[PDB]
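Residue-level listing of the chains:
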Amino acid sequence: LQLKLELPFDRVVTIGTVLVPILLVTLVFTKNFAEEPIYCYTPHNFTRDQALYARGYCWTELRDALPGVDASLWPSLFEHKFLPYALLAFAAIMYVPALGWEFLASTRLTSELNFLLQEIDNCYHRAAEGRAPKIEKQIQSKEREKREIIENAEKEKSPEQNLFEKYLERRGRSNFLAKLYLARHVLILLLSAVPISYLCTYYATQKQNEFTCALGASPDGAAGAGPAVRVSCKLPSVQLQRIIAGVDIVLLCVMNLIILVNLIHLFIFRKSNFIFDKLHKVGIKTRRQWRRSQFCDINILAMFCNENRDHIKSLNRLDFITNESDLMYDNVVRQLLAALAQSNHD
Amino acid sequence: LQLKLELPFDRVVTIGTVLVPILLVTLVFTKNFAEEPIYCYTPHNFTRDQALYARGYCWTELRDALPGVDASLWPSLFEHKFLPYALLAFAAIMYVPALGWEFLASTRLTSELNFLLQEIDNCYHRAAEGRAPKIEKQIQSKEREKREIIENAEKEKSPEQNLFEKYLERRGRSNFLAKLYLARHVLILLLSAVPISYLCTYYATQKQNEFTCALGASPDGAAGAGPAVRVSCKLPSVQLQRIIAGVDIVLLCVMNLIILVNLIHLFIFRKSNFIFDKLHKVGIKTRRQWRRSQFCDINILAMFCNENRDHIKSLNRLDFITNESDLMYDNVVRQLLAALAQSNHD
Amino acid sequence: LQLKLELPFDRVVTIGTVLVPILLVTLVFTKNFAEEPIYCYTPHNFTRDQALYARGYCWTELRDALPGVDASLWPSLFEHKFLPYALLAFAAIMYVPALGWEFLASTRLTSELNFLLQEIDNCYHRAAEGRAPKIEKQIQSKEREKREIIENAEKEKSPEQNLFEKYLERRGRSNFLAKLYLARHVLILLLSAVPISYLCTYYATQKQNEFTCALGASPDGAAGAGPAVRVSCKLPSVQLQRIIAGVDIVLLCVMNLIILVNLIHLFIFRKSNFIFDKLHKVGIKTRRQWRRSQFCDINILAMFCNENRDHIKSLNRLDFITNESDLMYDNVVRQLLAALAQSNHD
Amino acid sequence: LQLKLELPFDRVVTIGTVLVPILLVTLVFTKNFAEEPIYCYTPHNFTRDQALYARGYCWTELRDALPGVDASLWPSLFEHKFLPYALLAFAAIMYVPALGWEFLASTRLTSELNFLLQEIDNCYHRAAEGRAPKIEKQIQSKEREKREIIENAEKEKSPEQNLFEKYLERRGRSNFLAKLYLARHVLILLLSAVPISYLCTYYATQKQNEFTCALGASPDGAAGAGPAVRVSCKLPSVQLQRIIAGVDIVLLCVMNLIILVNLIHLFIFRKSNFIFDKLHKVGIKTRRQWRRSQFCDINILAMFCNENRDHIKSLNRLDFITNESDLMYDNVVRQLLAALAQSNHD
Amino acid sequence: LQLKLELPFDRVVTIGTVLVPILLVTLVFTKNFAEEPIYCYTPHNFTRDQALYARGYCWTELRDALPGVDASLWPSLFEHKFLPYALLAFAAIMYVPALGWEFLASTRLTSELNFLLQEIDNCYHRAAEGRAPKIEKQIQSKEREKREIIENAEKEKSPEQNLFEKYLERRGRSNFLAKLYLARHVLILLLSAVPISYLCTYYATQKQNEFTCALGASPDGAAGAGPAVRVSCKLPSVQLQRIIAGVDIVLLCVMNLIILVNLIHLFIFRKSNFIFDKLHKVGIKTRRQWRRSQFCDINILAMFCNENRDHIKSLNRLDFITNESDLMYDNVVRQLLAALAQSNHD
Ligand SMILES: *[C@@H]1O[C@H](CO)[C@@H](O)[C@H](O)[C@H]1NC(C)=O
Ligand SMILES: *[C@@H]1O[C@H](CO)[C@@H](O)[C@H](O)[C@H]1NC(C)=O
Ligand SMILES: *[C@@H]1O[C@H](CO)[C@@H](O)[C@H](O)[C@H]1NC(C)=O
Ligand SMILES: *[C@@H]1O[C@H](CO)[C@@H](O)[C@H](O)[C@H]1NC(C)=O
Ligand SMILES: *[C@@H]1O[C@H](CO)[C@@H](O)[C@H](O)[C@H]1NC(C)=O
């Protein structure tokens, strides 16, 4: 079968950052192509062909005039016509970082997690093996419990246990994957900084519906220049665009806040991770020699393991048999169950 | 199952070189067919049928006139009508080289990599076999370490190790696949040279929206010639085409730069490859007898293997157990683990 | 699984001969149906229904008139209307020969190659068997090498090797499949000879965009004949058709040249084939008794096997272990490897 | 898996007889619906609604008038409107016989060929068994060869060989399947006789493109009858229909000729079939007791087996090992190979 | 896999009774929607909106008028508008009985045929077993043959032979399934009786294309009633509907004739059925105790068995090894083959 590399945070982010804006984009496209581009109040003299020319020129030129001349460069309205493509551009731009992280991390994370799942499976098999002599030691004794636990900790270190210790020690000082994850999310934030600014500058000031274009050719001059006509036009699609702009602004701002909160929780406020607590459940040191640097590789690997917690069978059951992450502090029940489950079968 | 032959770099290149321009092409087609081809300001007399004839003729002829006669050959505008097809032609042309390389390298690379993966699997199985006597030699000894490593290197040459040496020696002087890869990427660059030039010539000079056509027939002469009418027309689709042209120019220029940078890094600045370092991890000579020519077949086979790194199981684990590519310079732990993992099982 | 019979060159030919023209045909259809069939400058008096009748009649009749009567038969323009169907006809005609060859060779080539792949597999298994006693012979000896090779050639002839020799001898004088392949490619060339001629005769002379039709009925005579009106019409789709005609002409001419070059290389300039050299690698006579007639069945079976080179596992490896097609001229390493690989396993 | 019953000649016939006419029919439909039904030169007085009524009535009535009254029954043109449905009817009618033969022969031919393939497999297994003692007999002898072959023919008759003889004798006088095949192909020819005649009558009689209809009601009489107006109409789709009619005529005539030639070759000129020659290859009588009647069931079963030649494995190889259909006339090599292949394995 | 129950004759019937009329109905829909509903010769005064109102009213009312008043109920034409739905209704009604039979017989036929196929398989295995001692008896003897056959017939009764006898005896008097099949076919005929009559009534008398409707409202009265205008209208779709009606009539009448002939052949003229002759082949009584009532269950089960002939392997071969349905009357070959094929294998 296949192993998962997603994580609910990342998929929620990509959904709310790309899928929703794509839906709004297609909705705007449908609304705009269902209606007519522009509505121009052509004079009475205009024939139907001339009126069509006016309604086409005023939608291609799309530049508002002023009562008097008042300028040679008068305000334009091109953004009302260009937005429903800029939204697609923003959707693609904000979808790029997920693809980049996928390309840059697929093989590496696949290999690392493939090794880690087997390593944890063997670690919990070793835990099953090592809990067996504890009951015999306790009966031999029959603080007692404290000294028994201390001597067990001293004398239990297995070869694969040293393998785990060395692996954790080397990973703790190899922040490559944490670097990549932080880079991906910071890149998402920085890219989102662009459309937020653009839309806020578009929702804020450039919200105009009606203008008055000026047609230039004006035939019928009869060897003369001819009268330059001014035609008042109104755009029908500005309202939905101006509403979708605000919707997208709010959505992307909320996504930015969510990303920042998650990063702060993971790299500053977080103290205990998944794998560390899971190992401590069976009983290990978890000393600071591989800690005190929250910007650590295992720190994020914990999240992937938690998502893939059920990709490995054994661990699963061992987690739900007990609680409190003190599996080795009971005298009889929790360890006696494993004793009768495994020791006799051999 | 299937084995991959696509490098992330090549897939990124083909995406950004073909898929994006195809998307822009279909967007331009949608915009052009949603709108109306041309908008002509027909005179007042023109009936609807005559106006339709004018709006069709001026879009078929598509040749701008001048105030006076001033010529018999006056500037044309055929490109504004022809571009959204030349863009498809460029997309297909730039997709050609990938298909050519596929057709010319499928079987050869398939066979070569099928042989290489099995060879490396057997090589690492041999490494597992050969690490076992090293611990026994060390205990027999109990600079010591340096002389032990030297004698091990001298006396460890295995039959399949000689197979590997001969294979590498013969591949180092057979640059066929490197020739083909350089040819493919240089061909992509050369093909990109064409549309870049064309679009830059189109975005640069031939960018105008409004012209004035001259209708020729002019019936209603009543046994006479008739009046040759001049009709001012405006194209609605020039703006989007002129923007997509710039977008494509920038995209393809960036792709060209990426191609050149990758080639320079791979064939000039690169010093160490994947397979060489991987073999040196277990310990081999890696002498210059099969090196000093970066334009080498194994140089790219390294990249193909790296993409297919996880297609071979054993190697994977052996990479993450240790680091520093000095697996055999550790006295106990690294080789003691393998000794207990393999020697006792026999 | 399935076995291939595509031989890249044929697939390239059929692509460039059928698939591309089909794409151009559908592009022309899209352009023609997106536009209007004809644009006619109807007089002022014409109502909308009469103008529609004129624009329909002048596109159904589609025969250009002349200033005066000047004839009862005046030049026509039916090809501008008929081409985008003749192009489909040419595509189908050029696709026919591939289907014919498939129908006529499927079963026979399937059977022949199914026999040949197993036959070569057994041959290389025999080669593995026969290299084993050679090393013992050399050690017994310990020109020596030349006499050893000669005696080995004399005394090594195996039963299945006589099967090989008889099969090759009988195939060398049975040119049925070579006949069929030459017939297929010559038929493709001959069928291409038609569309090239037609399109060149169309791109060359029958190229004009505007004509003047003459409407016949002319009601409103009020018990009289009525005025025969002349209406100037312009076709919008001639330009794209005239460009696609040239594109197809160039493409099919290049395909013809490629076919001719490939045939000349294969049947005249070619001297060594795949199977012959592959057998000589292990060492056989390859005498002219089954050669000197390049128009030979085994000649194209060699290409078919080369395409299917990896459909037989063993051979593959045996090709990449050595080079120079002198596998049995090395004293030790090449045959010592096989000796340790096979002799001990028995 | 599945067994084939397609006999490529039949598939070619059905292709060129049904699929091509269906393609032409859909092409005609596309052309007719893309265009306008009829083009009528309505007078000036007509409004747009009256002009639409005229253009609809003259295409529903579709009956040409004459200058004077000249009749009450004047020539009609209904076939120009009805053909693109008669073509569909002809396509379905000519597809019927294939479906009829399928329904009437599926089970019977399935069972017969399922029995025959196993019978021939067993027959060639017996051939392998029986060639073994021939070498021993020859060595015992060591005309000699002729007497050995004669005595082998006399004494070799095996049980399943008598089974084969009885089966062939009973099939030779049971012409049911040959009857059915001849009936199918003669029925295809007879059904083709209809559309050939109809189209040749249509491609030769109906060539009118233009007529002059007479509208009947003519309101505005103001308590009077009103003027019966005559409107000249032109059909746009007659040209393509008239061309497709000729194309279909030629195609179906060529198919008829191909069918007749194939039947004449199979049932009159044919002398040797597949199964008879294949059995004679190993050596049997093939006497006229089951021959002299070319209209025989086994005659077409031979073609069916030839199409299914590779559906049985053993036979395949046994065909390519030798040639000349004289397998048992070779002294050593051909039979010695089989001896070493089979006799020792037991 | 799946077992077949379609009885291809019933597939032919359902095809020709439902699938063809559905094709004709969709063709009529395509014709009617490609054209316009009605063509009305509106007077000159009518504007375009009033003309549209007239062309819609006269097609909604669809009731022909008369020159004088002549009635308050004048002939209608609703059928010309209602037929292309009545055809769909008839198609569904005709498809109903097949669905009913399937729903009512699926499980029962599944169980019955599942039993019977294995039952016949066991019967033919028993026949293979029982032919073996016959050769021994014949050699013991060495009318002789007649006495041997009669003593075999008396002494060969096996337990499963009595199972066969009892099953046949009990089925012969259980005519439920024959009842169901006859009911299905007679119901198909009776349901066909409706559309045949309706269409023959529609094709016969209700055939007129042109009528003259009378518009009622007639505004512009200026405080007065207004002039009741009469508008001549013509339907364009009557011709194709009238042709399709005749086509359907002929098709369904021919289907009725086929059904009647098949039923008469099956239940009156039929004498020997598949299973009876198949069992008589190996030799059984087939006495009239389970016969003389052609309206019998096994009578129809024979057809399903014949369709499912090849669904049981053994039977197949045993049918074609011999002929004449006298397998046991041959002395040596037919029985010696089975003897040497089975007796030695035990
Ligand atoms: C209108 O038509 C007359 C002749 O028909 C021509 O002289 C005049 O220039 C036309 N006016 C315009 C504005 O084209
Ligand atoms: C105008 O109409 C009259 C008759 O109605 C015709 O003789 C004349 O040719 C028409 N003029 C043109 C320019 O077609
Ligand atoms: C013109 O209209 C009148 C009635 O308005 C009609 O009688 C006459 O036939 C029409 N012209 C022709 C050529 O039919
Ligand atoms: C045309 O209109 C006038 C009044 O508007 C009316 O009297 C006359 O009957 C109308 N024509 C017909 C054919 O009814
Ligand atoms: C025509 O217009 C007048 C006023 O302009 C109005 O009173 C009258 O009702 C109109 N005609 C009809 C038929 O309504």
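Caption draft 1: Representation of the site of ligand 2 within the structure. Ligand 2 sits among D220(B), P43(C), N45(C) and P227(C). Neighbouring residues of ligand 2 are not confined to a single chain but are spread across chains B and C. A distance of 2.4 Å is found between an oxygen atom of ligand 2 and a side-chain nitrogen or oxygen belonging to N45(C). Protein chains bury 47% of the 360 Å² of accessible surface belonging to ligand 2 in isolation. Taken together, the residues that form the shell around ligand 2 break down as two nonpolar, one polar and one charged.

Caption draft 2: Local environment of the state of the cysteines. Evaluation of the coordinates by the stated rule reveals 10 disulfides over all chains. Between the sulfur of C58(E) and that of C213(E) lies a disulfide, 2.0 Å long from S to S. The sign of the 85° torsion about the S-S bond sets the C58(E)-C213(E) disulfide as right-handed. No difference in accessibility class separates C58(E) from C213(E), as the two residues are buried. Looking at chain A, its bonded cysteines, counted consecutively from the start of the sequence, adopt the pairing 1-4, 2-3. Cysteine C123(B) is unpaired, with the sulfur of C305(B) as its nearest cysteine sulfur at 12 Å. Free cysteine: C253(C), not disulfide-bonded; nearest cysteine sulfur from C200(C) at 9.5 Å.

Caption draft 3: Summary view of the relation of the copies chain D and chain E. Between chain D and chain E, the superposition needs a rotation of 51° and an axial shift of 0.2 Å, giving an RMSD of 0.2 Å. When the interface residues of chain D are mapped onto chain E, a mere 8% of them are again interface residues, pointing to distinct binding faces.

Caption draft 4: Local environment of the interface of chain C and chain B. Between chain C and chain B, the contact holds 35 residues from the first and 33 residues from the second. Carbon and sulfur atoms supply 65% of the area buried between chain C and chain B, which totals about 3,100 Å² over both sides. At the boundary of chain C with chain B, the tally comes to one salt bridge. Between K234(C) and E61(B) there is a salt bridge whose closest N-O contact spans 2.4 Å. The tally of links from chain C across to chain B stands at nine residue pairs in polar contact. Elements supplying a minimum of two residues to the side of chain C that touches chain B: α1 (8–34), β1 (39–40), α2 (48–61), β3 (230–234), α7 (238–269), α10 (313–320) and α11 (333–343) of chain C. Top contributing element to the side of chain C that touches chain B by residue count: α1(C), with five residues.

Caption draft 5: Highlighting a positive patch on the surface. Residue and element names in this part refer to chain B. A contiguous patch of positive charge, built from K157, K271, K285, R287, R288, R291 and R292, is present on the exposed surface. Structurally, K271 is set in the loop between α7 (238–269) and α8 (274–282). For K271, a relative accessible area of 60% gives the class exposed.

Caption draft 6: Highlighting the interface of chain D and chain E. Counting from both sides, the interface comprises 36 residues of chain D and, opposite them, 39 residues of chain E. Carbon and sulfur atoms supply 66% of the area buried between chain D and chain E, which totals about 3,400 Å² over both sides. In terms of surface lost to chain E, no three residues of chain D exceed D49(D), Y53(D) and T60(D), which account for 17% of the buried area on that side. Our count for the chain D to chain E interface comes out at one salt bridge.

Caption draft 7: Inspection of the side chain of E112(A) at higher detail. All names here are of chain A. Note that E112 resides in helix α3 (residues 78–141). A polar contact of 3.2 Å, which involves the side chain of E112, links it to the side chain of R171. Ignoring any residue separated from it by four or fewer positions in sequence, one finds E112 in contact with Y167, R170 and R171.

Caption draft 8: The nonpolar core, seen in detail. Membership of the largest hydrophobic core comes to 74 residues, with the highest contact counts inside it found for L116(D), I120(D) and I300(D). Counting residues in hydrophobic clusters, the runner-up holds 40 residues, among them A127(A), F267(A), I300(A) and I312(A).

Caption draft 9: Structural view of the arrangement of the chains. Looking at the four pairs of chains with contacts, the pair that accumulates the most is chains D and E. Across the gap from chain A to chain E, with no contact made, the nearest C-alpha atoms are 17 Å apart. Regarding chain B and chain E, which are not in contact, the minimum distance between any of their C-alpha atoms is 17 Å.

Criteria and thresholds
Residues numbered from 1 in each chain as written, not as in the entry; some residues may be left out. Chains lettered and ligands numbered in written order. Part of a larger assembly, values for the part shown. Heavy atoms only, no water. Near = heavy atom within 4 Å. Polar contact = N/O pair within 3.5 Å; in protein donor to acceptor, adjacent residues only side chain to side chain. Areas by Shrake-Rupley, 256 points an atom, 1.4 Å probe, with all protein chains shown as cover. Nonpolar A, V, L, I, M, F, W, Y, C, P; charged D, E, K, R; others polar. Disulfide = S-S within 2.5 Å. Buried < 20%, exposed > 50% of the residue type's maximum accessible area, 1.4 Å probe, protein only. Least-squares fit on C-alpha atoms. Contact = heavy atoms within 4.5 Å. Buried area = accessible area lost by both parts, 1.4 Å probe. Salt bridge = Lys/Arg side-chain N within 4 Å of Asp/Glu carboxyl O. Helix = DSSP H or I, 4+ residues; strand = E, 2+ residues; numbered from the N terminus. Patch = residues over 30% accessible without salt bridge, like charges linked within 9 Å, V, L, I, M, F, W, Y side chains within 5 Å. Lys, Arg positive; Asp, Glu negative; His and termini not counted. Charge placed at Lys NZ, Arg CZ, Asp CG, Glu CD. Core = buried A, V, L, I, M, F, W, Y, C linked by side-chain atoms within 4.5 Å.

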